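Okay, so here's just one chain, in structure tokens, the form deposited in one PDB entry.
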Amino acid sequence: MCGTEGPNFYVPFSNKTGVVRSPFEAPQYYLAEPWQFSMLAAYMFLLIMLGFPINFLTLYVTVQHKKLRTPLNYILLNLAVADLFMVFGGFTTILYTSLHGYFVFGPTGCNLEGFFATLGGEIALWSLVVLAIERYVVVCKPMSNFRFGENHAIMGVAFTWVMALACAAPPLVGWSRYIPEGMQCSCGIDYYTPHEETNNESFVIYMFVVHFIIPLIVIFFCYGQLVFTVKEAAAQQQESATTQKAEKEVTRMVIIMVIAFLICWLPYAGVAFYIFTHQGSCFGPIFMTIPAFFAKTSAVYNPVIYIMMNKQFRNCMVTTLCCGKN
């Protein structure tokens, strides 16, 4: 018997020596050394110092440069807003709790932090799904006499917030729950404890199918097609060096986007899967931190990939940072 249970928590450490405490009430220095808690705090400090400016710039530069305010770009603004929910709801809270060594804000703060952080990563997740749908439509043109505009972009944004509420809301009201994870300083969905009163088993199956498998299939299909169309069109135009280079660029970027999506979400999905099919196994606190490390760090690498590497935004940002010149 692997940990210690409580009304709203599961500490991943045995209480045979009697030292375990509520992660809402006292430090967890028997799970991990104080310096490891400090390193958690350092890592959140890094993600704030990099994630805040990068995502805030994205919004600010868009306010200063008319060329960026196209409808295809609305979902990338949405991505930056989501990243900021993670920065201000998640990372700042965890910086604070890590340096106490436990979730000092108690079970209500655990629901708050877990909600805003989960909502953030989920809006981001679906933003990358919708962007792939939007680009597939625009390029592969699978419905004739259709022109992607403002209206559709608004719907895409609204859809991400609905899908994210469908993940983040139910654990506030009975289906799964928010409890402290890993080192017990951040809160997330209880995806690893069988907890029949809240129906954790069904919620994890729903999450895995609807919020991981569906996303992954939609992304592979949409970008799979997009690459096919672009490569077919370029083979029909080998006289153009331009078209050939654009085809190489599009293909490389699609590979990077798809790999980035897997890096971000496969660890949560794989760990959840392994735990679901190996219910007689202990999982320690550092191990349970790894999925979060991969997901949370996307609040930096997603805007680098989707925004910073796009040359329109990059010019405007330099201009904005250099007070109006270049």
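In case it trips you up, residue 1 is the first one in the sequence shown, and so on.
There is another form of this protein, the form deposited with a partner chain bound, and it is not shown here; the text below is about that form.
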Of these, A246, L84, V157, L77, which has a heavy atom no more than 4.5 Å from the partner chain in the deposited bound form?
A246
My question is simply whether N310 lines the interface with the partner chain in the deposited bound form - judged by any non-hydrogen atom within 4.5 Å.
yes
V230: heavy atom within 4.5 Å of the partner chain in the deposited bound form?
yes
Does any heavy atom of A269 come within 4.5 Å of a heavy atom of the partner chain in the deposited bound form?
no
Answer with yes or no whether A26 is in contact with the partner chain in the deposited bound form, where contact means some heavy atom within 4.5 Å.
no
Please determine whether each residue of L125, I189 and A292 possesses a non-hydrogen atom within 4.5 angstroms of the partner chain in the deposited bound form.
no
